[PDB]
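Q: One structure, pasted below without further comment.
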Amino acid sequence: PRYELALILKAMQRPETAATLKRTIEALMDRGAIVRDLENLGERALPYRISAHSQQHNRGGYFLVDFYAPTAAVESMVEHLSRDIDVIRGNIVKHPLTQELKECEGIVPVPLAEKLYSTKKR
Amino acid sequence: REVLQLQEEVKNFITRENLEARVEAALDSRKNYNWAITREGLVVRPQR
Amino acid sequence: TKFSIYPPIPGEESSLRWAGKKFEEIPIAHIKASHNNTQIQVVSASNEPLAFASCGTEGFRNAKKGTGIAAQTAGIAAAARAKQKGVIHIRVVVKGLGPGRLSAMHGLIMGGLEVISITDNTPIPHXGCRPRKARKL
Amino acid sequence: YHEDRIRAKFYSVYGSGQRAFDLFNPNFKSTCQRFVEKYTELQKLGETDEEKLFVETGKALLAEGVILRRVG
Amino acid sequence: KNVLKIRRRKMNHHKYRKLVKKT
Amino acid sequence: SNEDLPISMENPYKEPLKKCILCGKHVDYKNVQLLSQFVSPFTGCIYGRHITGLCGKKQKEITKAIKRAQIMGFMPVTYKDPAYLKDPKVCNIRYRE
Amino acid sequence: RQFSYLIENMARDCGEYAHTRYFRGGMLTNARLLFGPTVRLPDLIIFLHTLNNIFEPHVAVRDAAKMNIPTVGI
Amino acid sequence: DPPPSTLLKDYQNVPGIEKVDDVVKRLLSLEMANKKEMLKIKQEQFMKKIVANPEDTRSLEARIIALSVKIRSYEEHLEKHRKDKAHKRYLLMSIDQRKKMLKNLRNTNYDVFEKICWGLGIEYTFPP
Amino acid sequence: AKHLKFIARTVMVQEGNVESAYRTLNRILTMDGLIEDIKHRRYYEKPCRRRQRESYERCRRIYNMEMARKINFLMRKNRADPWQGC
RNA sequence: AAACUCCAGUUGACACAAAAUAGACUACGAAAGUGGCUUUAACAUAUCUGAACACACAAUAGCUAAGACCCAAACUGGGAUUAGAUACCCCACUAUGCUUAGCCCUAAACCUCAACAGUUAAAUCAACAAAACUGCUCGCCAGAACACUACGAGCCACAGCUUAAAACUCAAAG
Ligand code: FES
Ligand SMILES: [K+]
Ligand SMILES: [Mg+2]
Ligand SMILES: [Mg+2]
Ligand SMILES: [Mg+2]
Ligand SMILES: [Mg+2]
Ligand SMILES: [Mg+2]
Ligand SMILES: [Mg+2]
Ligand SMILES: [Mg+2]
Ligand SMILES: [Mg+2]
Ligand SMILES: [Mg+2]
Ligand SMILES: [Mg+2]
Ligand SMILES: [Mg+2]
Ligand SMILES: [Mg+2]
Ligand SMILES: [Mg+2]
Ligand SMILES: [Mg+2]
Ligand SMILES: [Mg+2]
Ligand SMILES: [Mg+2]
Ligand SMILES: [Mg+2]
């Protein structure tokens, strides 16, 4: 199916960041993936201190990778990311654009519940 | 119709030949998914 | 400009300076308001112990330590040991819902120290370790 | 009634005008009611669409001197 | 509703479990 | 017979059903600027549908997106990102007074 | 209470009676004790308001049917 | 088992899909789909092979075929998840519901009862 | 621990008014629910007991929210008697 | 009081444990039960009822084997209270709670209110509770106690579970 790889790389120079992206995308193609795009969300400060591969990170580069791949290639790709030191954190999720949103009409009011107790003189 | 639309997009997919070129381009652009909303249900995208 | 109750963020420069110092350089007063005691410890921005006081160190024993008098007495003793080192403005960090949660803050004001901010660091787990069983008293 | 569809649209397009109702007077005609009479009279002519028929009704009142301030 | 009929069965079971442990 | 009798008709004056501010919009876990509009500036706690004003179907989407962005490294847990403190307030809660 | 004065006047004008006040228990079923053994009860009762001030039926509606008195009601 | 290169049930019929790019044919295959798309094709094969009118799906025959594809799916899921007691109950009930279909079919149309038992490899066993 | 310090549950003092700040801080924790949550987490509340309390707290909210809706609906009749004497 | 005092506080590093807020939502599942994130597989039946001759499940506790161990904690020890306290309160610690492979098969397993279909009128209706009824089917109950017992039989269960009486006794029990 169609997946999305939320990748958080390490704060590195451009020469090293390009080698990691290419290294990471070649791993997807080797497992039967069909990459579609490579979006960059920019280098920002992490919401909290992340510790990975005996390193305390405070900044990182956010990159997205939309691609198609079989179901059996997800588990094999999650292991590769773990070994890579440059990758602080990487997770795969089903692409949100492959989930049609049912049209909504509006909020339906709910009337108070009636006939919960017998109409007897207590 | 879906197949035809897909047959056009496949040209833009990354490949081993154009992999290096696409990487550099991504390092030059930026995508912003951040946008707020008001009480009137109106999107407010940041001026950046 | 206006006044905001939100503290200044280190990343963003601010115009609020106390005695020519930034919000980050201000020393910190860690208060631990327990149910039977109240410890106070003042530190600098670089985590350097300046003064330490507690209801026990002031002479109170057993149940008399879990009062607002012993907490205030401990705040005055911590504000007198830190004022000798050049401490005027502090950032309070309370931890716990004990009796001396507010009374200790008063003793610091009665020792010549000015409180610019109040931070709550009470430990709440998001689940965590299972507490002891409920009492029948 | 059949004219309730007309009133619902008039109040939405224009809304109750400055003129205040006089419920005491039995033979009282409101600005909206006057709009219904014309709207229906033009329907007798043969127009079969609401949009054109609705628009033509407002013009007739404006010619008669009625004040029709739309919400916009 | 009271538990007087549960209390009769409570002692019956307790005395029986205590008698088996003894024999 | 008579023509003044009422007719079997649906209510013309009935008003359209109300919609939440997010009706028809896509909630994504990367839009931290939108997700921070529904958390406490001080504790980072998620607000309820009686404060946000959202419907059940959309309040569940904001929650699942916040919990996903917090553990992925996009959004903080204990506090609201100061960068989004000057954003339009859509929640019906007043702390100071 | 809004129409208590109006009704009391009408009864006086038409030479009839009115009871617009709090209805004490036994005005009809226990009348002989309240008024006297030779008292004469109404032959017709007219209810201009069949409800009391708590939005419940007036007690006289039931007490009149007990004493076989016909009632007229709005 | 349908090969992975097989196209989806929906996309095989559209015209012009015979001459397209190889990448577009690999995205519309069973390789880039879930397990439930391969089962929609397994069912299609049995209908043409066994049922007289493939289009009709409400007939007692088709219901047996639709259910026999689910039974095989549960056995492949239980071969890897032995401690999944939920799917082990759906299997034993589905096997009992198919037997109730085969009983009503053997009592009405014995000519087709033999066809389904042969096509799907089923052996009706009289209960003890 | 891993988050930035002095950004959560922090309140600044205005004109050395510590009292007004402490009341504000204690009102933010109460409205968010931390205060009550910290008190129940002192001793372990077993599931059965926690499910009995949530049902009690939810039935109290309903009743208290409907009575107040009737008080504000009848407060309009708290005026003087217009038919004084009848 | 005892205990601790290679303790306490600030900071940093740091889980095979447990899963704030959202939830004022009321969803999923046959029930048990299920509320941190991601992915994979995946939630029977085109009439209904239907197995206490069978099959598959079944909270917690507990048994067997191998591991993990922050915290909690039967047992036990100490302190205190008490006429005594084998308890209620305080401290410490163990089995156990977790993982894996098997067993055990119990509950106020109760929303004590069976499944399918259908009704709101008549006598609505002992009382209380969560208003009163129809059709059809399966299951179950026939005074209290003896009795979640004895015997018999079956079961990886051996101080066990399931099925389950009798004699004597009472004029009440409920
Ligand atoms: S009302 Fe349409 S999505 Fe909330
Ligand atoms: K119950
Ligand atoms: Mg009672
Ligand atoms: Mg007994
Ligand atoms: Mg059945
Ligand atoms: Mg059964
Ligand atoms: Mg069990
Ligand atoms: Mg165990
Ligand atoms: Mg312990
Ligand atoms: Mg002892
Ligand atoms: Mg242990
Ligand atoms: Mg346990
Ligand atoms: Mg239960
Ligand atoms: Mg029962
Ligand atoms: Mg049944
Ligand atoms: Mg009996
Ligand atoms: Mg038992
Ligand atoms: Mg037995
Ligand atoms: Mg035996």
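Simple scheme: letters A, B, ... for chains in structure tokens order, numbers from 1 for residues in each chain, numbers from 1 for ligands in the order shown.
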I'd like to know which residues of chain C are strand (DSSP E or B) (by DSSP, run on the backbone); could you write them as an NGL selection string?
A: :C and (18 or 21 or 28-33 or 38-43 or 49-54 or 89-95 or 114-120 or 133)
Q: Create the file for the chosen residues now, containing N, CA, C and O atoms and written as a short mmCIF file (atom, residue, chain, number, x, y, z; two decimals), in the first residue's frame.
A:
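Writing done, so here's result.cif:
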data_model
loop_
_atom_site.label_atom_id
_atom_site.label_comp_id
_atom_site.auth_asym_id
_atom_site.auth_seq_id
_atom_site.Cartn_x
_atom_site.Cartn_y
_atom_site.Cartn_z
N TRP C 18 15.79 41.91 35.75
CA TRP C 18 15.76 42.16 37.19
C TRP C 18 17.18 42.44 37.66
O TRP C 18 18.04 41.56 37.58
N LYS C 21 19.81 41.60 35.16
CA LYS C 21 20.00 40.19 34.89
C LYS C 21 18.82 39.65 34.09
O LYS C 21 17.69 40.13 34.22
N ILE C 28 17.31 30.06 41.83
CA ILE C 28 16.09 29.27 41.97
C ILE C 28 15.97 28.80 43.41
O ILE C 28 16.97 28.47 44.05
N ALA C 29 14.74 28.78 43.91
CA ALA C 29 14.43 28.31 45.26
C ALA C 29 13.52 27.09 45.14
O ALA C 29 12.32 27.23 44.87
N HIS C 30 14.08 25.91 45.34
CA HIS C 30 13.33 24.66 45.25
C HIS C 30 12.68 24.36 46.60
O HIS C 30 13.37 24.19 47.60
N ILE C 31 11.35 24.29 46.60
CA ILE C 31 10.57 23.98 47.80
C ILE C 31 9.92 22.62 47.59
O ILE C 31 9.31 22.37 46.54
N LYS C 32 10.04 21.76 48.59
CA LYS C 32 9.44 20.42 48.57
C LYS C 32 8.45 20.35 49.72
O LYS C 32 8.81 20.04 50.86
N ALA C 33 7.18 20.64 49.42
CA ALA C 33 6.13 20.68 50.43
C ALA C 33 5.58 19.28 50.60
O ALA C 33 4.73 18.83 49.83
N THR C 38 8.98 20.09 55.16
CA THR C 38 9.06 21.09 54.10
C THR C 38 10.52 21.50 53.97
O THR C 38 11.05 22.19 54.85
N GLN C 39 11.17 21.08 52.89
CA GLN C 39 12.56 21.39 52.63
C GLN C 39 12.66 22.52 51.61
O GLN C 39 11.86 22.61 50.68
N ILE C 40 13.65 23.39 51.81
CA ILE C 40 13.89 24.54 50.94
C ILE C 40 15.37 24.56 50.59
O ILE C 40 16.22 24.39 51.47
N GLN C 41 15.67 24.78 49.31
CA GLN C 41 17.05 24.83 48.85
C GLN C 41 17.15 25.86 47.74
O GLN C 41 16.41 25.78 46.75
N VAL C 42 18.07 26.80 47.89
CA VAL C 42 18.29 27.86 46.91
C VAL C 42 19.52 27.53 46.09
O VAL C 42 20.55 27.11 46.63
N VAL C 43 19.42 27.71 44.77
CA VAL C 43 20.51 27.43 43.85
C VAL C 43 20.59 28.55 42.83
O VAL C 43 19.66 29.33 42.65
N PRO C 49 24.62 25.06 44.93
CA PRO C 49 23.88 25.23 46.19
C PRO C 49 24.34 26.47 46.95
O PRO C 49 25.53 26.65 47.21
N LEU C 50 23.38 27.32 47.29
CA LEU C 50 23.63 28.53 48.06
C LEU C 50 23.15 28.44 49.50
O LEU C 50 23.87 28.85 50.41
N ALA C 51 21.95 27.90 49.72
CA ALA C 51 21.40 27.79 51.06
C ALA C 51 20.43 26.62 51.11
O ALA C 51 19.78 26.29 50.12
N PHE C 52 20.34 26.00 52.29
CA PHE C 52 19.42 24.90 52.51
C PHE C 52 18.83 25.02 53.91
O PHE C 52 19.56 25.24 54.88
N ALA C 53 17.51 24.88 54.00
CA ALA C 53 16.82 24.94 55.28
C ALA C 53 15.60 24.04 55.23
O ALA C 53 15.02 23.81 54.16
N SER C 54 15.20 23.54 56.40
CA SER C 54 14.05 22.67 56.51
C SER C 54 13.49 22.77 57.92
O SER C 54 14.17 23.20 58.85
N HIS C 89 16.41 38.52 43.94
CA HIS C 89 15.31 37.98 43.15
C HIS C 89 15.53 36.48 42.94
O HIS C 89 16.65 36.04 42.70
N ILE C 90 14.44 35.72 43.04
CA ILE C 90 14.49 34.27 42.93
C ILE C 90 13.30 33.78 42.12
O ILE C 90 12.31 34.48 41.94
N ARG C 91 13.42 32.54 41.64
CA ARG C 91 12.34 31.85 40.95
C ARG C 91 11.93 30.66 41.79
O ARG C 91 12.73 29.74 42.02
N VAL C 92 10.69 30.67 42.26
CA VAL C 92 10.21 29.63 43.17
C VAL C 92 9.74 28.43 42.37
O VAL C 92 9.09 28.56 41.33
N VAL C 93 10.07 27.24 42.87
CA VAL C 93 9.67 25.97 42.26
C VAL C 93 9.15 25.10 43.39
O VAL C 93 9.93 24.46 44.10
N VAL C 94 7.83 25.06 43.55
CA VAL C 94 7.19 24.25 44.59
C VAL C 94 6.94 22.86 44.04
O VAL C 94 6.68 22.66 42.85
N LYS C 95 7.03 21.87 44.93
CA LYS C 95 6.85 20.46 44.56
C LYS C 95 6.13 19.77 45.72
O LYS C 95 6.75 19.43 46.73
N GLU C 114 12.70 38.67 46.75
CA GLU C 114 11.55 39.00 45.91
C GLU C 114 11.28 37.84 44.96
O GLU C 114 12.19 37.34 44.30
N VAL C 115 10.02 37.42 44.89
CA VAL C 115 9.58 36.33 44.04
C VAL C 115 9.07 36.92 42.73
O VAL C 115 8.12 37.71 42.74
N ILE C 116 9.70 36.55 41.62
CA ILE C 116 9.32 37.06 40.31
C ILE C 116 8.41 36.06 39.60
O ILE C 116 7.61 36.44 38.74
N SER C 117 8.52 34.79 39.96
CA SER C 117 7.74 33.75 39.30
C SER C 117 7.51 32.59 40.26
O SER C 117 8.24 32.42 41.24
N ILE C 118 6.49 31.80 39.95
CA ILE C 118 6.12 30.63 40.74
C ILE C 118 5.90 29.48 39.77
O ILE C 118 5.07 29.57 38.87
N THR C 119 6.65 28.39 39.96
CA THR C 119 6.55 27.21 39.12
C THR C 119 6.17 26.00 39.96
O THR C 119 6.69 25.81 41.06
N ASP C 120 5.25 25.19 39.43
CA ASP C 120 4.80 23.98 40.09
C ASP C 120 5.41 22.78 39.38
O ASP C 120 5.19 22.59 38.18
N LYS C 133 -1.57 0.78 49.30
CA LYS C 133 -3.00 0.52 49.38
C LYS C 133 -3.69 1.55 50.27
O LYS C 133 -3.09 2.17 51.15
#
Q: Could you list the residues in chain F lying within 12 Å of chain C, using only C-alpha atoms, and format the result as a list in words?
A: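 My answer is residues 41, 42, 43, 45, 77, 78, 79, 80, 81, 82, 83, 85, 86, 95 and 96 of chain F.
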Q: Kindly save the residues from that selection, with C-alpha atoms included, as an mmCIF file, in the first residue's frame.
A:
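Printed below is result15.cif as written:
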data_model
loop_
_atom_site.group_PDB
_atom_site.id
_atom_site.type_symbol
_atom_site.label_atom_id
_atom_site.label_comp_id
_atom_site.auth_asym_id
_atom_site.auth_seq_id
_atom_site.Cartn_x
_atom_site.Cartn_y
_atom_site.Cartn_z
ATOM 1 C CA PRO F 41 -0.959 26.583 27.708
ATOM 2 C CA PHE F 42 0.356 25.482 31.126
ATOM 3 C CA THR F 43 -0.074 21.706 31.479
ATOM 4 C CA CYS F 45 -3.632 18.750 28.858
ATOM 5 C CA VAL F 77 3.552 16.855 26.095
ATOM 6 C CA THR F 78 3.992 18.798 29.331
ATOM 7 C CA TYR F 79 3.471 22.290 27.877
ATOM 8 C CA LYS F 80 2.124 24.101 24.841
ATOM 9 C CA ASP F 81 4.765 25.302 22.398
ATOM 10 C CA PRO F 82 5.331 29.013 23.183
ATOM 11 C CA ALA F 83 5.482 29.802 19.459
ATOM 12 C CA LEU F 85 0.670 31.156 22.220
ATOM 13 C CA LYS F 86 -0.401 34.174 20.121
ATOM 14 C CA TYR F 95 -8.085 30.919 33.717
ATOM 15 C CA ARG F 96 -6.936 34.292 35.056
#
Q: Residues within 10 Å of ligand 18 (only C-alpha atoms (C1' of nucleotides) and all ligand atoms), as a ChimeraX atom specification?
A: /J:148-150,160-164
Q: With a distance threshold of 12 Å and counting only C-alpha atoms, extract the residues of chain A near chain I and express them as an MDAnalysis selection string.
A: chainID A and resid 45:51 56:58 112
Q: Got time to write the residues from that selection, C-alpha atoms, as a short mmCIF file (atom, residue, chain, number, x, y, z; two decimals), in the first residue's frame?
A:
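Output file part.cif is given in full below:
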data_model
loop_
_atom_site.label_atom_id
_atom_site.label_comp_id
_atom_site.auth_asym_id
_atom_site.auth_seq_id
_atom_site.Cartn_x
_atom_site.Cartn_y
_atom_site.Cartn_z
CA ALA A 45 14.33 22.25 17.70
CA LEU A 46 12.97 19.00 19.08
CA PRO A 47 9.98 19.22 21.44
CA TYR A 48 11.99 17.27 24.03
CA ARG A 49 15.49 15.87 24.47
CA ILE A 50 15.82 12.63 22.50
CA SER A 51 18.56 10.09 23.25
CA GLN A 56 21.78 13.45 23.33
CA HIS A 57 20.03 15.36 20.56
CA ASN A 58 18.37 18.77 20.81
CA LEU A 112 -33.21 14.74 26.88
#
Q: Check which residues fall inside 12 Å of ligand 12 when counting only C-alpha atoms (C1' of nucleotides) and all ligand atoms, and print them as a list in words.
A: residues 60, 61, 62, 72, 73, 74, 95, 96, 97 and 98 of chain J
Q: Take the selection from the previous step and output its residues with C-alpha atoms (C1' of nucleotides), as a PDB file, in the first residue's frame.
A:
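Printed below is out.pdb as written:
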ATOM      1  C1'   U J  60      -8.767 -12.601  39.834  1.00  0.00           C
ATOM      2  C1'   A J  61      -6.561 -16.107  42.777  1.00  0.00           C
ATOM      3  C1'   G J  62      -3.655 -20.612  42.448  1.00  0.00           C
ATOM      4  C1'   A J  72       2.850  -2.676  45.309  1.00  0.00           C
ATOM      5  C1'   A J  73       2.162  -6.831  48.425  1.00  0.00           C
ATOM      6  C1'   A J  74      -0.865 -12.288  51.429  1.00  0.00           C
ATOM      7  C1'   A J  95       5.197 -15.885  47.518  1.00  0.00           C
ATOM      8  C1'   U J  96       2.357 -13.464  43.919  1.00  0.00           C
ATOM      9  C1'   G J  97       1.099  -9.391  40.367  1.00  0.00           C
ATOM     10  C1'   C J  98       4.926  -9.205  34.512  1.00  0.00           C
TER      11        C J  98
END
Q: What residues have any atom no more than 10 Å from ligand 2 when counting only C-alpha atoms (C1' of nucleotides) and all ligand atoms, and can you list them as a list in words?
A: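 Counting only what the definition allows, namely only C-alpha atoms (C1' of nucleotides) and all ligand atoms, the set is residues 108, 110, 111 and 112 of chain J.
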Q: Could you name the residues that touch residue 86 of chain I at 8 Å or less, counting only C-alpha atoms (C1' of nucleotides), but leaving out those on the same chain fewer than 2 positions away, as a ChimeraX atom specification?
A: /G:1-2,4-5,21 /I:83-84
Q: Between D:54, D:29, D:41, D:17, which has the minimum distance to residue 68 of chain D (counting only C-alpha atoms)?
A: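 Looking at the shortest contact to residue 68 of chain D, the residue is D:17.
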Q: Need to verify the contact set: residue 47 of chain G, 8 Å, only C-alpha atoms (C1' of nucleotides), exclusion of same-chain residues closer than 5 positions in sequence. Can you return it as a ChimeraX atom specification?
A: /G:71-74
Q: Identify all chain A residues at most 9 Å from chain J by counting only C-alpha atoms (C1' of nucleotides); ligands do not count. Present them as a list in words.
A: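 Using only C-alpha atoms (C1' of nucleotides), chain A residues at most 9 Å from chain J: residues 71, 72, 74, 75, 91, 92, 93, 94, 115, 116, 117, 118 and 119 of chain A.
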Q: Neighbours of segment 48-50 of chain H within 10 Å (only C-alpha atoms (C1' of nucleotides); same-chain residues fewer than 2 positions away dropped), as an MDAnalysis selection string?
A: chainID H and resid 43:46 52:55 61:62 65 112 115:120
